[PDB]
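Source file: structure_1.tsv (TSV, C-alpha atoms and all ligand atoms)
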```
chain	number	residue	atom	x	y	z
O	1	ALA	CA	120.88	111.63	76.23
O	2	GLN	CA	117.59	110.13	77.45
O	3	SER	CA	117.60	107.35	80.05
O	4	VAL	CA	114.82	104.83	80.66
O	5	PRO	CA	114.43	104.26	84.40
O	6	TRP	CA	114.31	100.59	85.39
O	7	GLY	CA	110.70	100.74	86.53
O	8	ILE	CA	109.48	102.16	83.23
O	9	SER	CA	111.05	99.17	81.50
O	10	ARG	CA	109.74	96.77	84.21
O	11	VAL	CA	106.10	97.73	83.58
O	12	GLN	CA	106.93	97.39	79.85
O	13	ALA	CA	105.80	100.85	78.84
O	14	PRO	CA	108.15	101.02	75.78
O	15	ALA	CA	106.24	98.08	74.22
O	16	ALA	CA	103.08	100.13	74.47
O	17	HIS	CA	104.89	103.17	73.03
O	18	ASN	CA	105.87	100.99	70.07
O	19	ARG	CA	102.17	100.29	69.45
O	20	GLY	CA	101.67	104.03	69.21
O	21	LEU	CA	100.15	104.39	72.68
O	22	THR	CA	101.60	107.25	74.71
O	23	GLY	CA	98.63	108.69	76.65
O	24	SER	CA	97.84	111.36	74.04
O	25	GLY	CA	94.54	113.15	74.73
O	26	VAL	CA	94.31	111.81	78.29
O	27	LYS	CA	93.99	114.28	81.17
O	28	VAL	CA	95.90	113.27	84.32
O	29	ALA	CA	95.71	115.23	87.56
O	30	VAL	CA	98.64	114.99	89.97
O	31	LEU	CA	97.32	115.84	93.47
O	32	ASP	CA	100.57	116.53	95.30
O	33	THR	CA	102.99	119.29	96.35
O	34	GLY	CA	102.78	120.93	92.92
O	35	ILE	CA	104.72	120.49	89.71
O	36	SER	CA	107.66	122.69	88.74
O	38	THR	CA	108.49	123.81	85.23
O	39	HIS	CA	111.08	121.40	83.82
O	40	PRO	CA	112.67	120.83	80.41
O	41	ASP	CA	111.40	117.21	80.51
O	42	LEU	CA	107.85	118.08	81.47
O	43	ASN	CA	104.87	119.80	79.89
O	44	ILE	CA	102.29	121.08	82.35
O	45	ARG	CA	98.95	122.03	80.81
O	46	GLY	CA	97.29	123.64	83.84
O	47	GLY	CA	96.27	123.15	87.44
O	48	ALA	CA	94.98	124.66	90.67
O	49	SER	CA	96.15	125.15	94.23
O	50	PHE	CA	94.13	124.35	97.34
O	51	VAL	CA	96.88	125.10	99.85
O	52	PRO	CA	96.10	128.21	101.88
O	53	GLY	CA	98.77	130.77	101.13
O	54	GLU	CA	100.42	128.80	98.30
O	55	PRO	CA	98.46	130.19	95.32
O	56	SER	CA	100.83	128.90	92.61
O	57	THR	CA	101.10	125.29	91.41
O	59	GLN	CA	104.87	125.26	91.34
O	60	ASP	CA	106.52	122.69	93.61
O	61	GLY	CA	108.35	123.85	96.71
O	62	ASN	CA	109.01	120.28	97.85
O	63	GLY	CA	110.08	118.12	94.87
O	64	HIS	CA	107.76	115.18	95.53
O	65	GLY	CA	105.05	116.25	93.06
O	66	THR	CA	107.53	117.00	90.23
O	67	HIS	CA	109.11	113.56	90.73
O	68	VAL	CA	105.75	111.81	90.67
O	69	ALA	CA	104.78	113.81	87.53
O	70	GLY	CA	107.87	112.67	85.63
O	71	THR	CA	107.16	109.02	86.28
O	72	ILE	CA	103.76	109.52	84.64
O	73	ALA	CA	104.78	111.75	81.75
O	74	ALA	CA	108.42	112.76	81.41
O	75	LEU	CA	108.70	113.74	77.74
O	76	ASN	CA	110.03	111.37	75.07
O	77	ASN	CA	112.97	113.31	73.66
O	78	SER	CA	116.77	113.57	73.80
O	79	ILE	CA	117.12	114.33	77.52
O	80	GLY	CA	116.28	113.25	81.02
O	81	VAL	CA	114.02	110.27	81.56
O	82	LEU	CA	110.79	108.92	80.02
O	83	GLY	CA	107.23	108.67	81.46
O	84	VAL	CA	104.93	105.69	81.26
O	85	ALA	CA	102.63	108.00	79.23
O	86	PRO	CA	104.92	110.65	77.78
O	87	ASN	CA	102.12	112.42	75.89
O	88	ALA	CA	99.57	112.53	78.73
O	89	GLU	CA	98.07	115.95	79.57
O	90	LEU	CA	99.45	116.80	83.04
O	91	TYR	CA	97.52	118.99	85.50
O	92	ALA	CA	99.19	120.21	88.66
O	93	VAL	CA	96.73	120.08	91.54
O	94	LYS	CA	98.50	121.37	94.63
O	95	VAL	CA	96.94	119.78	97.73
O	96	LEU	CA	100.10	119.44	99.80
O	97	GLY	CA	102.38	122.19	101.12
O	98	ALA	CA	106.19	122.41	100.87
O	99	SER	CA	106.51	120.35	104.02
O	100	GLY	CA	104.87	117.41	102.29
O	101	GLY	CA	101.75	117.60	104.39
O	102	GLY	CA	98.25	118.96	103.75
O	103	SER	CA	94.69	118.56	105.10
O	104	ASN	CA	91.80	116.29	104.27
O	105	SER	CA	90.00	119.47	103.17
O	106	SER	CA	92.64	120.44	100.59
O	107	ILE	CA	92.79	116.89	99.26
O	108	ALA	CA	89.03	116.73	98.96
O	109	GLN	CA	88.95	120.07	97.14
O	110	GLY	CA	91.55	118.74	94.71
O	111	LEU	CA	89.41	115.70	93.99
O	112	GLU	CA	86.33	117.85	93.45
O	113	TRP	CA	88.32	120.01	91.01
O	114	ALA	CA	89.52	116.97	89.10
O	115	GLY	CA	85.96	115.71	88.64
O	116	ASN	CA	84.64	119.13	87.71
O	117	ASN	CA	87.31	119.57	85.12
O	118	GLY	CA	86.97	116.20	83.36
O	119	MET	CA	90.22	114.67	84.43
O	120	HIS	CA	90.44	111.02	83.40
O	121	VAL	CA	92.93	109.87	86.03
O	122	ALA	CA	93.78	111.38	89.41
O	123	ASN	CA	97.09	110.35	90.98
O	124	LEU	CA	97.20	110.57	94.80
O	125	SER	CA	100.74	109.77	95.94
O	126	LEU	CA	99.77	110.64	99.54
O	127	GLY	CA	97.98	109.18	102.56
O	128	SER	CA	96.07	110.04	105.77
O	129	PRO	CA	96.45	107.58	108.66
O	130	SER	CA	92.83	107.77	109.71
O	131	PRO	CA	89.51	107.58	107.91
O	132	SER	CA	87.86	110.87	106.94
O	133	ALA	CA	84.25	110.98	105.72
O	134	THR	CA	85.24	114.10	103.75
O	135	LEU	CA	87.94	112.22	101.93
O	136	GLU	CA	85.65	109.29	101.30
O	137	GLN	CA	82.87	111.41	99.85
O	138	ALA	CA	85.38	113.28	97.67
O	139	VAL	CA	86.72	110.01	96.27
O	140	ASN	CA	83.18	108.81	95.64
O	141	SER	CA	82.15	112.04	94.03
O	142	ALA	CA	85.11	112.09	91.64
O	143	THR	CA	84.52	108.46	90.79
O	144	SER	CA	80.87	109.02	90.06
O	145	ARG	CA	81.81	111.94	87.75
O	146	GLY	CA	84.09	109.58	85.83
O	147	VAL	CA	87.58	110.06	87.26
O	148	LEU	CA	89.80	107.06	87.97
O	149	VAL	CA	91.43	107.63	91.40
O	150	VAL	CA	94.79	105.95	91.99
O	151	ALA	CA	96.37	106.13	95.46
O	152	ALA	CA	99.48	104.93	97.23
O	153	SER	CA	99.15	102.20	99.89
O	154	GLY	CA	101.68	103.95	102.15
O	155	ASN	CA	105.15	103.43	103.54
O	156	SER	CA	104.76	102.23	107.17
O	157	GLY	CA	105.39	98.57	106.36
O	158	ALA	CA	102.14	97.54	108.07
O	163	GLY	CA	99.59	94.90	107.03
O	164	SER	CA	96.86	97.48	106.49
O	165	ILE	CA	96.75	100.24	103.88
O	166	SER	CA	96.44	103.96	104.22
O	167	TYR	CA	93.57	106.26	103.31
O	168	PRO	CA	92.23	107.14	100.84
O	169	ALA	CA	93.73	104.09	99.15
O	170	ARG	CA	91.73	101.88	101.54
O	171	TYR	CA	88.38	103.28	100.29
O	172	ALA	CA	86.67	101.04	97.77
O	173	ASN	CA	86.54	103.58	94.94
O	174	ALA	CA	90.26	104.36	95.07
O	175	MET	CA	92.68	102.00	93.31
O	176	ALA	CA	95.38	101.04	95.83
O	177	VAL	CA	99.01	100.70	94.73
O	178	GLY	CA	101.91	99.12	96.62
O	179	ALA	CA	105.61	98.98	95.75
O	180	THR	CA	107.96	96.31	94.50
O	181	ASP	CA	111.72	96.21	94.22
O	182	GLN	CA	114.00	95.15	91.38
O	183	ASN	CA	113.55	91.45	92.21
O	184	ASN	CA	109.76	91.85	91.97
O	185	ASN	CA	109.44	91.36	95.72
O	186	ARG	CA	107.28	93.58	97.91
O	187	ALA	CA	109.41	96.52	99.17
O	188	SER	CA	109.82	96.25	102.94
O	189	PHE	CA	108.08	99.57	103.50
O	190	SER	CA	105.11	98.91	101.25
O	191	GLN	CA	101.84	98.72	103.13
O	192	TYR	CA	99.65	95.78	102.19
O	193	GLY	CA	96.46	93.96	103.17
O	194	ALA	CA	92.75	94.38	102.58
O	195	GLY	CA	92.02	96.67	99.63
O	196	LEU	CA	95.36	96.35	97.82
O	197	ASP	CA	94.74	96.32	94.04
O	198	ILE	CA	98.10	96.20	92.34
O	199	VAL	CA	101.83	96.87	92.73
O	200	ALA	CA	104.49	98.68	90.74
O	201	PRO	CA	108.17	99.59	91.02
O	202	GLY	CA	108.87	101.89	93.95
O	203	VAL	CA	112.58	101.51	94.81
O	204	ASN	CA	115.37	103.68	93.41
O	205	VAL	CA	113.05	105.46	90.99
O	206	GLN	CA	114.78	108.19	89.05
O	207	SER	CA	112.58	111.04	87.85
O	208	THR	CA	112.34	114.77	87.30
O	209	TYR	CA	113.07	117.18	90.20
O	210	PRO	CA	112.88	120.94	90.71
O	211	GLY	CA	115.86	122.89	89.53
O	212	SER	CA	115.86	121.21	86.12
O	213	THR	CA	117.45	118.15	87.63
O	214	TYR	CA	116.68	114.45	88.33
O	215	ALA	CA	116.65	112.47	91.59
O	216	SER	CA	116.04	108.94	92.85
O	217	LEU	CA	113.43	108.26	95.50
O	218	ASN	CA	111.81	105.26	97.14
O	219	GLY	CA	108.19	104.82	98.18
O	220	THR	CA	104.67	103.77	97.30
O	221	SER	CA	104.41	107.38	96.07
O	222	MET	CA	106.79	106.33	93.31
O	223	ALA	CA	104.86	103.16	92.50
O	224	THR	CA	101.47	104.84	92.14
O	225	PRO	CA	102.33	107.00	89.06
O	226	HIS	CA	103.44	103.85	87.17
O	227	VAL	CA	99.82	102.72	87.49
O	228	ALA	CA	98.29	106.12	86.68
O	229	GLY	CA	100.47	106.21	83.58
O	230	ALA	CA	99.39	102.74	82.56
O	231	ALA	CA	95.76	103.73	83.01
O	232	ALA	CA	96.45	106.62	80.59
O	233	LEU	CA	97.69	104.18	77.92
O	234	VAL	CA	94.62	102.01	78.32
O	235	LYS	CA	92.34	105.04	77.97
O	236	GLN	CA	94.04	106.17	74.75
O	237	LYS	CA	93.50	102.69	73.26
O	238	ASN	CA	89.93	102.49	74.57
O	239	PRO	CA	88.49	106.00	74.61
O	240	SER	CA	84.97	104.83	75.61
O	241	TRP	CA	86.05	102.79	78.63
O	242	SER	CA	84.98	103.89	82.10
O	243	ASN	CA	87.19	104.28	85.13
O	244	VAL	CA	85.92	100.91	86.39
O	245	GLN	CA	86.72	99.08	83.15
O	246	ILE	CA	90.24	100.50	83.09
O	247	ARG	CA	90.76	99.56	86.74
O	248	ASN	CA	89.60	95.99	86.25
O	249	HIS	CA	91.55	95.58	83.03
O	250	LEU	CA	94.78	96.65	84.77
O	251	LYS	CA	94.28	94.05	87.49
O	252	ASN	CA	93.21	91.44	84.99
O	253	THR	CA	96.33	91.83	82.88
O	254	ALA	CA	98.81	92.30	85.75
O	255	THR	CA	101.62	89.77	86.31
O	256	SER	CA	100.68	87.67	89.33
O	257	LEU	CA	103.30	87.72	92.09
O	258	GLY	CA	101.48	85.58	94.62
O	259	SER	CA	99.15	86.24	97.50
O	260	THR	CA	96.65	88.98	96.82
O	261	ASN	CA	97.09	90.13	100.43
O	262	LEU	CA	100.64	91.24	99.73
O	263	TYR	CA	100.49	92.10	96.01
O	264	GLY	CA	96.87	92.63	94.98
O	265	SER	CA	96.60	91.32	91.40
O	266	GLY	CA	100.38	91.61	90.97
O	267	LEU	CA	102.69	93.73	88.84
O	268	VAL	CA	101.13	96.25	86.44
O	269	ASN	CA	101.91	95.34	82.84
O	270	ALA	CA	101.49	98.10	80.23
O	271	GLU	CA	102.19	95.60	77.44
O	272	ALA	CA	99.55	93.07	78.42
O	273	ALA	CA	97.00	95.82	79.16
O	274	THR	CA	97.22	97.41	75.70
O	275	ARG	CA	97.27	94.11	73.82
L	1	CA	CA	112.91	112.87	78.32
L	2	CA	CA	90.85	101.13	97.56
```

What is this file in structure tokens?
Ligand SMILES: [Ca+2]
Ligand SMILES: [Ca+2]
Amino acid sequence: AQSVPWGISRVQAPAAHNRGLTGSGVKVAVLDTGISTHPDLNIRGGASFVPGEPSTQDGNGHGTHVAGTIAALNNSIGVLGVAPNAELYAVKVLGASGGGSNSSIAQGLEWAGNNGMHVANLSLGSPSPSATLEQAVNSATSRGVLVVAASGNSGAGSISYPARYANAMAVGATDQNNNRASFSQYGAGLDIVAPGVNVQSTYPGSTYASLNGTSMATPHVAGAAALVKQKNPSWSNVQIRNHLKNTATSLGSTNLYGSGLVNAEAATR
């Protein structure tokens, strides 16, 4: 039996699926710890930029979990993605420990741009600015990729990098009451928020797990961007970004919530 995780329902993705929008034909790169083969996922390709981890399989679990929130398959098992027909690419920029380098992350972004990805999901952060990261984000953006990044889980009033760079869309996390999750970083640069508490998704070993974090929120937004691109094939990264903010459900102060809660229904109206 297939279950619909609460956050998928909260961003109203099934309404968009009922309009026939499922992310078909949209290329989405997951820059993370990899993505493992899973009965509820379809991986179309990928690349690794971790020294000594030449495969794209996931030795951590984080990347597989993030991938399922974007595109777990619509079928008789498991869970369901915001964009269950999106084309998933596994771009390994983090090692099994969950950490990587600004150089691997930047290589991943360059790969996404060079390979015509439409959306790049970065459920990761670096605590400090890096000109290398910034130029990579800028480069991918100028080639046409929409970069979506997590605000981070320290609870502080400033957001992590590369989410804090202007050309990266910054996503924070809400809970089931549509309040900001205590850990979700906020402040200058925050664009939008999405469910990030008790998020069930796909996990290595053909299983499912629940996790918390802005890493879990971010793929809700990447998924929604995929639905908007299927409806509006000519739209640029910038148009998609602005339309998501414009159609989000306001939750209050932009400092804490950016435009508010991503709404897949209102954005594909
Ligand atoms: Ca499924
Ligand atoms: Ca930003």

Atomic distance CA of residue 265 in chain O - CA of residue 167 in chain O, expressed in Å with one decimal: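 Atom-to-atom, CA of residue 265 in chain O to CA of residue 167 in chain O, that is 19.3 Å.
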
Residues contacting ligand CA 1 (chain L) - anything with an atom at most 9 Å away, using all atoms listed in the file - can you give me those as a PDB file with C-alpha atoms, in the coordinates of the input?
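Everything below was put into selection08.pdb:
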```
ATOM      1  CA  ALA O   1     120.880 111.630  76.230  1.00  0.00           C
ATOM      2  CA  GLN O   2     117.590 110.130  77.450  1.00  0.00           C
ATOM      3  CA  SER O   3     117.600 107.350  80.050  1.00  0.00           C
ATOM      4  CA  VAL O   4     114.820 104.830  80.660  1.00  0.00           C
ATOM      5  CA  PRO O  40     112.670 120.830  80.410  1.00  0.00           C
ATOM      6  CA  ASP O  41     111.400 117.210  80.510  1.00  0.00           C
ATOM      7  CA  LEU O  42     107.850 118.080  81.470  1.00  0.00           C
ATOM      8  CA  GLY O  70     107.870 112.670  85.630  1.00  0.00           C
ATOM      9  CA  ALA O  73     104.780 111.750  81.750  1.00  0.00           C
ATOM     10  CA  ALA O  74     108.420 112.760  81.410  1.00  0.00           C
ATOM     11  CA  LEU O  75     108.700 113.740  77.740  1.00  0.00           C
ATOM     12  CA  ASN O  76     110.030 111.370  75.070  1.00  0.00           C
ATOM     13  CA  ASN O  77     112.970 113.310  73.660  1.00  0.00           C
ATOM     14  CA  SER O  78     116.770 113.570  73.800  1.00  0.00           C
ATOM     15  CA  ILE O  79     117.120 114.330  77.520  1.00  0.00           C
ATOM     16  CA  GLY O  80     116.280 113.250  81.020  1.00  0.00           C
ATOM     17  CA  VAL O  81     114.020 110.270  81.560  1.00  0.00           C
ATOM     18  CA  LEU O  82     110.790 108.920  80.020  1.00  0.00           C
ATOM     19  CA  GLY O  83     107.230 108.670  81.460  1.00  0.00           C
ATOM     20  CA  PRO O  86     104.920 110.650  77.780  1.00  0.00           C
TER      21      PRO O  86
END
```

Distance limit 12 Å, reference ligand CA 2 (chain L), atoms considered: all atoms listed in the file. Which residues make the cut? Give them as a ChimeraX atom specification. /O:124,127,136,139-140,143,148-153,164-178,192-198,247,264

Would you kindly return, as a PyMOL selection string, each protein, DNA or RNA residue with an atom no farther than 6 Å from any atom of range 216-229 of chain O, considering all atoms listed in the file and excluding same-chain residues fewer than 6 positions away? chain O and resi 71-72+84-85+125+152+154+177-179+200-206

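With all atoms listed in the file as the atoms that count, the minimum distance from residue 22 in chain O to the choices O:269, O:144, O:213, O:87 is reached by O:87.
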
List every protein, DNA or RNA residue with an atom no more than 10 Å from (106.5, 93.4, 73.6) in the file's coordinates, counting all atoms listed in the file, and format the result as a PyMOL selection string. chain O and resi 12-19+270-272+275

Using only C-alpha atoms, which residue out of O:108, O:88, O:122, O:96 lies closest to residue 29 in chain O?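 Of O:108, O:88, O:122, O:96, the one nearest residue 29 in chain O, counting only C-alpha atoms, is O:122.
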
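The space separating CA of residue 30 in chain O from CA of residue 141 in chain O comes to 17.2 Å.
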
Mind giving me the straight-line distance from CA of residue 110 in chain O to CA of residue 45 in chain O in Å, one decimal?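 CA of residue 45 in chain O lies at a distance of 16.1 Å from CA of residue 110 in chain O.
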
Out of O:134, O:253, O:66, O:106, which residue has the shortest atom-to-atom distance to residue 214 in chain O when counting all atoms listed in the file? O:66

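Nearest-residue note for residue 135 in chain O: choosing from O:244, O:210, O:105, O:121, the minimum distance belongs to O:105, counting all atoms listed in the file.
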
Out of O:259, O:9, O:236, O:33, which residue has the shortest atom-to-atom distance to residue 123 in chain O when counting all atoms listed in the file? O:33

Taking into account only C-alpha atoms, which residue in the set O:233, O:126, O:90, O:199 is nearest to residue 254 in chain O?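 Closest residue, counting only C-alpha atoms: O:199.
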
Centre, edges in Å (one decimal): axis-aligned box, range 14-28 of chain O, 4 Å padding on all six sides, as JSON:
```
{"center_x": 101.1, "center_y": 106.2, "center_z": 76.8, "size_x": 22.2, "size_y": 24.2, "size_z": 23.1}
```

Quick one: residues within 9 Å of residue 107 in chain O, all atoms listed in the file counted, chain neighbours fewer than 2 positions away excluded, as a list in words?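 Near residue 107 in chain O, the qualifying residues are residues 31, 32, 50, 94, 95, 96, 102, 103, 104, 105, 109, 110, 111, 112, 124, 135 and 138 of chain O.
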